Amino acid sequence: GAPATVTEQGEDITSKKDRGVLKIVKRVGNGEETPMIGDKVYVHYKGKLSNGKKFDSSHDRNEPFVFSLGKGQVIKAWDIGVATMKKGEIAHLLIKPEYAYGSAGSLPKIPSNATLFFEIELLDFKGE
Ligand SMILES: COc1cc2cc(c1OC)OC[C@H](C)Cn1cc(nn1)CCCOC(=O)[C@@H]1CCCCN1C(=O)[C@H]2C1CCCCC1
């Protein structure tokens, strides 16, 4: 599946080069700019536990998910991953627990030491 493909092909976009956050670009975006810390960011996403016991999709709300980048309002993997993305880009992220919910997890929704996958489409980003 797409998770395995990210294991196999994904670029390690972590600073420590610990394979914590792996990325494949599925559709290239537009322009040169990627978002800065503080930018308001609009996305569509689908997320799941790597083994598929919980699935979550902004498409089910029929509206974008919006967050301020780099403020830790989302898991670290997103702050790192969305920061690499161009407007219009769709990317797959595979995320080790250290960059998601860790040893503690987020029970009952997310177990301890969970690996997460997401598909993310960066719709837009605008200055603070
Ligand atoms: C740990 O709790 C959650 C995790 C996740 C989604 C959660 C959630 O309950 C707060 O709610 C789903 C709800 C319908 C819409 N939504 C998203 C968020 N807040 N409300 C953002 C919450 C923080 O989530 C994240 O940082 C990441 C990246 C942004 C998108 C949501 N994220 C998730 O971790 C998801 C989980 C993905 C794997 C499958 C289970 C949900």
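Structure: above.
Residues numbered from 1 in each chain as written, not as in the entry; some residues may be left out. Heavy atoms only, no water. Residues with missing side-chain atoms left out of burial classes, pairs and counts.

Visitor: What exactly am I supposed to notice about the nonpolar core here?
Guide: Most often, soluble globular proteins have nonpolar side chains that are buried together. Formed by 26 residues in total, the largest nonpolar core has its most connected members in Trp78, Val82, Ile95 and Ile120. For this core, the secondary structure elements donating two or more residues are β3 (40-49), α2 (76-82), β6 (90-95) and β7 (116-126). Looking at this core element by element, the count peaks at five residues for β7. Other than its neighbours up to four places away in sequence, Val82 contacts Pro35, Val41, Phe67, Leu69, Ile120 and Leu122. (Core = buried A, V, L, I, M, F, W, Y, C linked by side-chain atoms within 4.5 Å. Buried < 20%, exposed > 50% of the residue type's maximum accessible area, 1.4 Å probe, protein only. Helix = DSSP H or I, 4+ residues; strand = E, 2+ residues; numbered from the N terminus. Contact = heavy atoms within 4.5 Å.)

Visitor: Where do I start with the pairing of β6 in this structure?
Guide: Counted residue by residue, β6 has six buried out of six residues, so it is predominantly covered. Of the two faces of β6, the one lined by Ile90, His92 and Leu94 and the one lined by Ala91, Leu93 and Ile95 are each fully buried. Judged from the six bridges that link them, strand β2 (residues 21-27) and β6 form a sheet pairing that is antiparallel. Bridge assignment links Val25 to a residue of β6, and that residue is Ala91. With six bridges joining them, β6 and β7 adopt antiparallel strand pairing. Bridging across to β7, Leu93 finds its partner in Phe118. (Pairing = 2+ DSSP bridges.)

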